[PDB]
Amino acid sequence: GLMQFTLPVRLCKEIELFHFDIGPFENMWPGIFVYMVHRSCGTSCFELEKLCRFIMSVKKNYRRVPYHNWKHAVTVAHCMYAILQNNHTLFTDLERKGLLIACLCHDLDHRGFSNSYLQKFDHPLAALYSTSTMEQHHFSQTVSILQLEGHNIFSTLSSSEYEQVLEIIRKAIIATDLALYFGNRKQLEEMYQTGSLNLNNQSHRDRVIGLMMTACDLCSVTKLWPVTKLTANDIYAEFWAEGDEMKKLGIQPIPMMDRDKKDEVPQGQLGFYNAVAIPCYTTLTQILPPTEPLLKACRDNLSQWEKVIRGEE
C-alpha cells in the first residue's frame, strides 16, 4: 500500500514531458508504466501484485517485430499519461484506469502486418473479423489476459463499472485502426467549428478518446528528431517485410511498403505529416489545449523531413 515506484531524477522530470523516450533498458519499462498508473490514477487503482502479473502477461503476448512490439505499447501508454496529466479534471476515474491499460494492450499479439495483408493472404483472423481485423484481435487478447487467474486488475469495480471500463478499452483499441481516424477527425472538426462539441455527450467523448488514441499511437512523430528518425527505420523495416510478402502473393505492394522505393521515403513522410499527423494533433489541440506541445513537436519534425528532401540532411 505504501510502496511507491520512484525513477532516477532525469526520468522523474522528463517522463512528465510529451517527448519523453522510455530508453533502451527493457527491464525498466514495467516500472515506468506502474509509476505512470500511480501518478495518473492512484496507488489504490490496482492491486500491485495483480497489476505486475497483468503487465508481464501483456509483455509476453507482444512479439519480436521491429516496431509493433512491447516498446511501442509502453511508448503509446506514456503519450496517454502525458495527455491525462495535462488535462487533470476532464477525465473520470474509470477513463484514466481504462485508457492507460487500453494503450498498453492496443497492439497485443501484432505480427507486423497490416489488415490489408491479412485480407490478401486470406488469414483466419480476416474471416473472424471483416473490418479492423488486428484491432478486434488486440481487444480479444486483452480480455483473454484479464481472464487469467490472478490477472483481473478490475476485480474491485462493481459489475456496471467493470462493463463501462471494458467498453472504454474496446472503443479505444478499435479507434487505433487508422482507417477509422479520417472520418472520426472530420466529425470532430465539424462539431468543434459549429460549436456543437459537448464533452457530457457520451458519443462525443468516445470520438475525443478515439482521437487521443490516434495521437498516442502516432506519437513517434512528436519526439525529438533523432528519436523520430531512428523509429522511422523500425516502421519501414516492418512495412518493407510486408511489401516482400505482397510480392510473394504476386501483388505489387504500395510504394510505402516497397523497399525498392526507399529514395521516395522523405516525400512519403511529408504526405503522412500533411494528410494524417498535423491534422490529428491540430484537432486534438483545439479540443484539449494543453496537448499543443504534441502539435509543435510534429511541426518541428515535418520541418526536419523537408530539410532531408532539400539535401541539407
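In case it trips you up, residue 1 is the first one in the sequence shown, and so on. Rigid core: the largest C-alpha set superposing within 1.5 Å between the two forms.
A.B. asks: Using the rigid core for superposition, please say which stretch has the greater CA deviation in 7 other deposited structures of this protein, 53-61 or 24-32.
C.D. replies: Higher average C-alpha offset in 7 other deposited structures of this protein goes to 24-32.
A.B. asks: Between 115-123 and 136-144, which has the larger RMS C-alpha deviation from this form in 7 other deposited structures of this protein after core superposition?
C.D. replies: Most displaced of the pair in 7 other deposited structures of this protein: 115-123.
A.B. asks: Where do the C-alpha atoms have the higher mean temperature factor in this entry, in 229-237 or in 92-100?
C.D. replies: The deposited B-factors put 92-100 ahead on the C-alpha mean.
A.B. asks: Between 291-299 and 5-13, name whichever shows the higher mean Cα B factor according to the PDB entry.
C.D. replies: Between 5-13 and 291-299, it is 5-13 that shows the higher mean C-alpha B-factor.
A.B. asks: Which of these, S155, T214, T222, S114, has its C-alpha atom at the highest B-factor, as the entry lists it?
C.D. replies: Answer, based on the entry's C-alpha B-factors: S155.
A.B. asks: Of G271, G250, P30, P66, which one's C-alpha B factor is largest in the deposited record?
C.D. replies: So the option with the highest C-alpha B-factor is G250.
A.B. asks: Determine, from the deposited record, the chain-internal third of the Cα B-factor for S132: lowest, middle or highest.
C.D. replies: It belongs to the middle third of the chain when residues are ordered by C-alpha B-factor.
A.B. asks: Sorting the chain's modelled residues by C-alpha B-factor, tell me whether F54 ends up in the lowest, middle or highest third.
C.D. replies: Middle third, going by the recorded CA B-factors of the chain.
A.B. asks: C-alpha B factor of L118, ranked within the chain: lowest, middle or highest third?
C.D. replies: Middle third of the chain for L118's C-alpha B-factor.
A.B. asks: Sorting the chain's modelled residues by C-alpha B-factor, tell me whether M257 ends up in the lowest, middle or highest third.
C.D. replies: Top third by C-alpha B-factor.
A.B. asks: Looking at the C-alpha B-factor of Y192, is it in the lowest, middle or highest third of its chain?
C.D. replies: Highest third.
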